[PDB]
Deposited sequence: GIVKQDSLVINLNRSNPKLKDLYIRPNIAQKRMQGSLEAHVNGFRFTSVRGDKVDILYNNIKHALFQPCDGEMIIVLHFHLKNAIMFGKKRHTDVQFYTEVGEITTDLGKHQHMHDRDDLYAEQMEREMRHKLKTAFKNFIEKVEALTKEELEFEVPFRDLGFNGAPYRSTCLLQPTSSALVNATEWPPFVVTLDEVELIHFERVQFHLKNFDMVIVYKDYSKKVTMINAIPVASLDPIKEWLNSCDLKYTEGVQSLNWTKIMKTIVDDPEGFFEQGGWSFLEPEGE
């Protein structure tokens, strides 16, 4: 999908954040640069002179991950339509900065001051951008204490709710699902003396493949249910596991037939 050209107005103070790594890479090695907010989008300029443009109206989610409990601080953009750079197609682009009783007290103080400085710099950039777009671009911060551990791809990571998404932006590839795009959640392997369970995210659009989050500790089941309840996202649980690849194909081929024969009540 062709993007609007970036409009730059130099008779204006354009908000700028420096010392940012872009992920995914533009070059063969990772590279730092500056992120500048312009009239209708962002431009990232690498130290090598590479330019990456992100138009505001191509941003589905703008995420702010503070360094609290992490070793990086991140601006993450989940895009409506994939863009090309580094000779590849990308639906996500982010920008981050890395972060004896006495020597420990020394360390604590430096850490707290460093983290405060970075967080303030990022927040100030965000507030400028939100004003410049007249609140039409709004950054979401995750709610860490609503988070839970699970493995969407290979290894376990922290998944955190924002107001409008379920996210992980510290590991790559990232994880972003839009809550209002979700049809239902189905928990699997909820049985017995459960140590962990799986969480299936089914989308309202049945042509989208389901999202599996594997191996979530059982202690997180009730907190997740309460969170889902707050979002008005319906959940069910089963003891065994369903073939979602086959099920979604069957539904996609004929959703009217699916609903005539009971729809999602088979989970109930």
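Positions of the deposited sequence absent from the coordinates, in order: 1-2, 102-114, 284-287.
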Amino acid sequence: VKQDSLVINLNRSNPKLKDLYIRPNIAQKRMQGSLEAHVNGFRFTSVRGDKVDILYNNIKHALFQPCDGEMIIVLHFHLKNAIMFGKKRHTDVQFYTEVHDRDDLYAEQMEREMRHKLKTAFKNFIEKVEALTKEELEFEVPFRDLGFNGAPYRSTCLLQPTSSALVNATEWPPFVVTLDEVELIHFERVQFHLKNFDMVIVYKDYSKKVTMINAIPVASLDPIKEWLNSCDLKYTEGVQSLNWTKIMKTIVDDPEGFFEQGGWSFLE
From here on, numbers count along this sequence of modelled residues.
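Comparing 126-134 with 140-148, the stretch with the higher mean C-alpha B-factor in the PDB entry is 126-134.
The question of which stretch, 157-165 or 86-94, has the higher mean Cα B factor is settled in favour of 86-94. Each of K119, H186, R189, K195 has a CA temperature factor in the record; the biggest one is found at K195. Per-chain ranking of the deposited C-alpha B factor places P255 in the lowest third. Among the modelled residues of the chain, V39 sits in the highest third by CA temperature factor in this PDB entry.
Among the modelled residues of its chain, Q240 has a C-alpha B-factor that falls in the highest third, as given in the PDB entry.
Looking at the C-alpha B-factors along this chain, the one for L79 belongs to the middle third. When the modelled residues of the chain are ordered by their C-alpha B factor, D68 lands in the highest third.
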